[PDB]
> 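This is the structure I have questions about; it appears just below.
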Amino acid sequence: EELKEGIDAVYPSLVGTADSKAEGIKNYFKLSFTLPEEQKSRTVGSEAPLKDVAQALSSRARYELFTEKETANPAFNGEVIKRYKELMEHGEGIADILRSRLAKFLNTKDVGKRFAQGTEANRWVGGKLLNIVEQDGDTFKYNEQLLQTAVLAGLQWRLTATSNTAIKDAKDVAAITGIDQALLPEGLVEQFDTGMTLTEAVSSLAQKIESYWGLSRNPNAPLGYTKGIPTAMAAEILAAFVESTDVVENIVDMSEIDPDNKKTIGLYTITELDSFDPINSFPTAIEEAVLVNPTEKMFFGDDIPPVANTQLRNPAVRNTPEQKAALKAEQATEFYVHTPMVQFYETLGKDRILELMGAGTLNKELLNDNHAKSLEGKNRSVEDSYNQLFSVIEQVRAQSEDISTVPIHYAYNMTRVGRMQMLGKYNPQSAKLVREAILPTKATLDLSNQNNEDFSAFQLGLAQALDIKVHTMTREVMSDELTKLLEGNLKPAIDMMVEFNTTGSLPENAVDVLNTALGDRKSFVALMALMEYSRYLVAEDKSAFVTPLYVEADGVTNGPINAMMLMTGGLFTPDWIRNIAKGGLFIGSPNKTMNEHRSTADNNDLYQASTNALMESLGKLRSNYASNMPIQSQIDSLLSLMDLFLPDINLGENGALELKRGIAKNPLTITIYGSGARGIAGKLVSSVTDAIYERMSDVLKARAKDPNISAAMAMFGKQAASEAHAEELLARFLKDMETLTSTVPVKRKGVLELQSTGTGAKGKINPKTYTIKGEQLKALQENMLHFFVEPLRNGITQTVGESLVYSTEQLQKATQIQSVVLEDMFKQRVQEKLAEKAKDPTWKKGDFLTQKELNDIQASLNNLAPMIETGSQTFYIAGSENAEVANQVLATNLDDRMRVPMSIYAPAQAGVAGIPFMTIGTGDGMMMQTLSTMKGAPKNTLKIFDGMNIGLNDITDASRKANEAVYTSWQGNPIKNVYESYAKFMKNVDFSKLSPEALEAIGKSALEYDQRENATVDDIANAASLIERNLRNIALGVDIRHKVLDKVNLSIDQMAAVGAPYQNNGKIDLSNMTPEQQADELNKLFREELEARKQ
DNA sequence: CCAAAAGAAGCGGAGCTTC
Ligand SMILES: O=P([O-])(O)O
């Protein structure tokens, strides 16, 4: 334990004594950290890190010598060295600002003088930096090594933080602002997606600083300092970047939006460098020079990423051996630049790509204000995508004269729900633009004869890319549809691309040609198809055509189908057999493919079936109120309004109601993820208003093209057949909007009743500022909920099966109950330890617990089975990082601002997360994992969770293995896994130890709404034990269903497109049988097996 | 609705209070 002497020898002049017992000023930096047994950072021991790294970066020779490496990244050339020299000079500026802020802090309120006299200011939430200062005459100054190293981390963070940020969805934004996701104003999510909250910025910053300091945390040091000191430094650096304008701080006032919320939220945006800044070609020089084992870097050639030991943001969960194997397999895949697309992108240019794939140049006065904000969000995603791609290309180009020959590797990690996610924000897996320029797919085809198997594969790839639903028709039929398109509407674009793959030039109207030829088929992969077809046309040796064009073996209604196969636990029913066939599970039809099923057996997929069940359910609701004209009218107005702006809603001339599968796609999807009815109503309403806000921009653009244009023939001109026909459409719109915002349906004892809101909506509409706000959005929502979503949910349940719904409810209840106990017990164990610490003179409130004390508290929860094991995957549903456990500030900057709450890794309630976790995890998660590690695992693919991109040369075998992988995941039993964990929990849990708050939460999950109020600890305990039994029975059934189904002859083509189904070779033949007959035989096998168990 | 959480700032030196 000579560590004390060691760290003191490195920082012998820091203020205070490294002894938590000493009476005077104690130095918590020396108490909190220790030198690593093996060097982690090259700045440790350095007296002037900035000067030393600046010199290291001054020349390639000096760099190589500093990083003790014979060679250096070729991208580190002259122009780049020059940018870094300038950035280093800027680091001196940030350091100078930091030194002055400290000086100010020391002067104000005589803090420094008081600190010198013994006031323990180095323990205050805003004075932890005083732990890295040194006495200087009558004042104090930063230890230059710690300060400059932190500024270097600040520089690296400034360069690449933005590209490592997570994407914020509605849910996220709602959490931050506290505003109901359904009411989130327009563009709010965009403003918050392009920025970083305080927690977000400081957190990532503190991580970098601590890593660059290169020390290790002392397990017996208070988190208040081990985590607080690096965080305090980060807060000061963020403040310094605000002063230097490297970062813009924007305090968003929620009261301006929702006048009831008083939250004011800080948003931090890093100032972007010019897209053409040389530093973009090599933004990680500092990182790679400072750290022994750099984190941020590209992996070229044979430089492969290491394999992550723990699940993403879940340190407590280790990646299983099979998961690690999968990660290794995916990281070994070599990706390569497709020069043709890169050249095409570069020639079209950023502006035209935005015009073609974004919103082009939008002038804020020809567009609705809300619509505008949406278009701006669209442009951003594509633009950042474009710039990221070319910064990558700039670095690849330096690795060789032929960029198409430089192998690129990507790091991956397993997420909380078992998905193999490629690290980074804009990469082949996450960004469509990048996916068509950097591919792992490659094949050499013989396209000299259009009758070759190779040409057919090529056709399949082209058709799928061009939006031909290749999995719904046979290969032969798709071949004809593709030909028709290539020879017809696409011909003009094809000709242009031919010219491009000859002279390298594009017409001035390239965007119009493409846009016209593609229509709604437009996408980045569609551009790849046009490019690849045109390259083939001009190809010299069509006998050996090399192309990365791919075919995606794509899951058909994957999530829902997986849930149905994994969690249906009763006897087999004919409706289930017919419905599961829609997902590629064919019983008694050897070698049957999805292509044949859709063309000769059933043309309706699971979405269509849901939509059709919705129509039935909707019809029933109308009958129950057949006599109530007010209701009938409210329903007609809702349907009228949707048919007015949504493609999937058609109202026939004679009133015939038609709904297209599209309307059910997301609702079904998220309903399988545990979503509630209100959330679905909210999304449907948003898709309506978005169409409306856009139609307002269609109007503004109508008046500019002709001032004397009737509102009717300006808003519905293109959607009408005349001016009178447009007048009646406008009548509908105005009618519906007023009725749907002034009147809303209410649930009063099972019956629906209309009530005025008093907040009706009407008046001269201004196509410029038109907006449906709060109370009116709420009304549209209430109408959507009861007249459309309610029946939709009934339709969904009827389609996926009530048995599956029952299973998901028990799963949700079990995992929720368990998470409540984990959360509560953990907080109490913490509370007891703190009350125990308050009796310790060395300890101070604000200091928290040590990592060892936290590790102990977590270990003590093991008997409650916090982890769910499957044998190949581990799930920690309750796991999280929240501020509710410590409930205090960790640190602030020296201006008493940027107060970062102390977050701790600890269990928190699960809510409904148990459903997504287990369904995604044992479903598509396990399948991809299996696909990456199974015998003969397909090579050179790009896996995207529920679909996989395959090179045209291996489409048949890779897709058959994919279907085999699906079959393998269908042998899983997530309920059984939950059961095993829950049963251990039930035999060690003590409900009497739970706070009244926790015990009530449990009552909600385990008890009927009519038994909470007076529920005794012994009551809810017996109710919880009932769920264990429910789970055990569900799991037993699932286990039998899987065994029995495996005895029958099955053709599996869930990962459809190619027509290569996996055959399980079941011995029992169920061919020439109706679904009713098959269900009878399967149930016979079931009842038979049931006895085997009983005996 | 899962994928990662999540207010700011005076006064005083924590944590209550006001917007
Ligand atoms: O083109 P897909 O969606 O049928 O695979």
Side-chain angles (χ1 to χ4, degrees), chain A residues 108-109 111 114-115 119-128 130 164-179 181-182 192 195-204 249-256 259-268 311-314 413-419 421 425 430 559 666-667 669-680 682-683 812 844-846 875 877 879-884 887-889 892-893 895-906 908 910-921 923-925 945:
Chain A
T108 304
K109 304 184 179 183
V111 170
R114 289 155 65 193
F115 178 52
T119 296
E120 287 190 295
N122 62 142
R123 302 185 83 169
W124 297 343
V125 288
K128 290 179 187 176
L130 290 179
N164 298 172
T165 51
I167 300 182
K168 293 191 188 65
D169 44 62
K171 169 196 177 62
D172 305 348
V173 180
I176 304 174
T177 63
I179 294 183
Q181 175 173 173
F192 277 86
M196 298 176 101
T197 58
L198 177 68
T199 287
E200 195 177 327
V202 171
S203 171
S204 47
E249 173 188 86
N250 179 39
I251 300 303
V252 192
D253 178 22
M254 304 295 91
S255 77
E256 314 297 49
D260 68 1
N261 187 40
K262 327 66 45 197
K263 269 193 170 184
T264 59
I265 311 152
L267 216 57
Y268 296 87
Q311 190 170 282
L312 202 40
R313 289 126 212 173
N314 236 171
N413 201 354
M414 220 57 79
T415 68
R416 290 169 142 66
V417 297
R419 287 185 167 167
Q421 194 183 72
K425 183 164 59 184
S430 64
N666 187 290
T669 301
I670 76 175
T671 285
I672 258 58
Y673 289 177
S675 166
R678 186 165 298 297
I680 298 175
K683 296 205 67 183
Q812 188 278 150
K844 181 192 177 192
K845 200 176 182 305
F875 300 105
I877 299 175
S880 82
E881 167 128 290
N882 68 108
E884 282 56 64
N887 183 49
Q888 61 181 285
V889 173
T892 77
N893 57 36
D895 283 346
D896 192 49
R897 301 188 181 192
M898 296 187 168
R899 313 190 187 174
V900 180
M902 179 182 248
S903 284
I904 295 292
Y905 179 68
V912 294
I915 300 166
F917 272 64
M918 300 310 292
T919 301
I920 289 155
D924 67 71
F945 313 134

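Order of the sequence lines sets the chain letters (A, B, ...), proteins ahead of strands, with each chain counted from 1.
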> With respect to the side chain of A166(A), which nucleotide from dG13(B), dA4(B), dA6(B) is positioned closest?
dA4(B)
> Figure out the CE/P separation between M254(A) and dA9(B), and round it to whole Å.
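Interatomic distance, CE of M254(A) to P of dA9(B): 14 Å.
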> Using the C1' atom as the point on both nucleotides, what is the distance between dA4(B) and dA8(B), in whole Å?
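Rounded to whole Å, the distance is 22 Å.
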> Provide, to the nearest angstrom, the distance between the NZ atom belonging to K168(A) and the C1' atom belonging to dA3(B).
13 Å
> Where the side chain of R899(A) is defined as all heavy atoms beyond and including C-beta, which of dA6(B), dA4(B), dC11(B) is the nearest nucleotide?
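When the side chain of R899(A) is considered, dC11(B) is the closest of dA6(B), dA4(B), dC11(B).
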> On DNA chain B, nearest-nucleotide positions of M898(A) versus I680(A): which is more 5'?
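The residue closer to the strand's 5' end, by nearest nucleotide, is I680(A).
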> In terms of side-chain heavy atoms of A883(A), which of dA6(B), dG7(B), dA3(B) is nearest?
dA6(B)
> Hey, does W124(A) have a side-chain heavy atom less than 4.5 Å from the side chain of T119(A)?
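Yes, their side chains come closer than 4.5 Å.
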> Heavy atoms from C-beta onward define the side chain here; which of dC1(B), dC2(B), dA6(B) lies closest to that of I670(A)?
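Selected nucleotide: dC1(B).
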> For the base of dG7(B), is there a side-chain donor-acceptor partner from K262(A) under 3.5 Å away?
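Such a pair does not exist between side chain and base.
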> Can you tell which of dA14(B), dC11(B), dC1(B) lies closest to the side chain of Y673(A)?
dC1(B)
> Could you state the atom-to-atom distance from CG of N666(A) to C1' of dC2(B) in whole Å?
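Between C1' of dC2(B) and CG of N666(A): 13 Å.
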> Across the strands shown, which category fits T415(A) at heavy-atom distances under 4.0 angstrom: base, sugar-phosphate, nothing?
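Nothing: the residue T415(A), judged by heavy atoms under 4.0 Å, touches no strand.
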> Side chain of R897(A), heavy atoms from C-beta onward: which of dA3(B), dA9(B), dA4(B) has the nearest atom to it?
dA9(B)
> Quick one: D896(A) CG to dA8(B) P, roughly how many Å, whole number?
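Whole-Å distance recorded here is 13 Å.
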> Side chains of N250(A) and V252(A): does their closest heavy-atom pair fall under 4.5 Å?
yes
> Given atom CG of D924(A) and atom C1' of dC2(B), what is their separation to the nearest angstrom?
11 Å
> To the side chain of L198(A), which of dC2(B), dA6(B), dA8(B) is closest?
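Nearest to the side-chain atoms of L198(A), counting from C-beta on, is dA8(B).
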> Quick one, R114(A) and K109(A) - any side-chain contact, counting heavy atoms below 4.5 Å?
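Side chain of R114(A) against side chain of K109(A), heavy atoms only: contact under 4.5 Å found.
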> Might you point out which heavy atoms bring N882(A) and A906(A) nearest each other, and give the distance in Å?
ND2-O, 3.9 Å
> In whole Å, I'd like the distance from the CZ atom of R416(A) to the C1' atom of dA3(B).
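Between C1' of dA3(B) and CZ of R416(A): 9 Å.
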> How many whole angstroms separate atom CD of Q181(A) from atom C1' of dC2(B)?
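Atom-to-atom, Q181(A) to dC2(B), this comes out as 12 Å.
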> From the list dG7(B), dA9(B), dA14(B), which nucleotide is the closest neighbour of the side chain of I251(A)?
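Among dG7(B), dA9(B), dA14(B), the one nearest the side chain of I251(A) is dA9(B).
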> Between the main-chain N or O of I179(A) and the side-chain N or O of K263(A), is there a donor-acceptor pair closer than 3.5 Å?
no
> Toward the 5' end of DNA chain B, which comes first, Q421(A) or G266(A), by nearest nucleotide?
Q421(A)
> Considering every strand and a 4.0 Å limit on heavy-atom distances, what is the contact class for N261(A): base, sugar-phosphate, or nothing?
nothing
> Please determine, for the side chain of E200(A), which listed nucleotide (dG7(B), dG10(B), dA6(B)) has the closest atom?
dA6(B)
> Please state how far atom CE in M414(A) lies from atom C1' in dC2(B), giving the value in whole angstrom units.
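It is 17 Å, rounded to the nearest whole Å.
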> Heavy atoms only: give me the nearest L130(A)-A121(A) pair and the separation to one decimal.
CD1-CB, 3.6 Å
> Go through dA14(B), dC11(B), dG7(B) for me and flag the one nearest to the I265(A) side chain.
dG7(B)
> Ignoring hydrogens and angles, are the base of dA6(B) and the side chain of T197(A) linked by a donor-acceptor pair under 3.5 Å?
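It does, because a donor-acceptor pair links the side chain of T197(A) to the base of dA6(B) below 3.5 Å.
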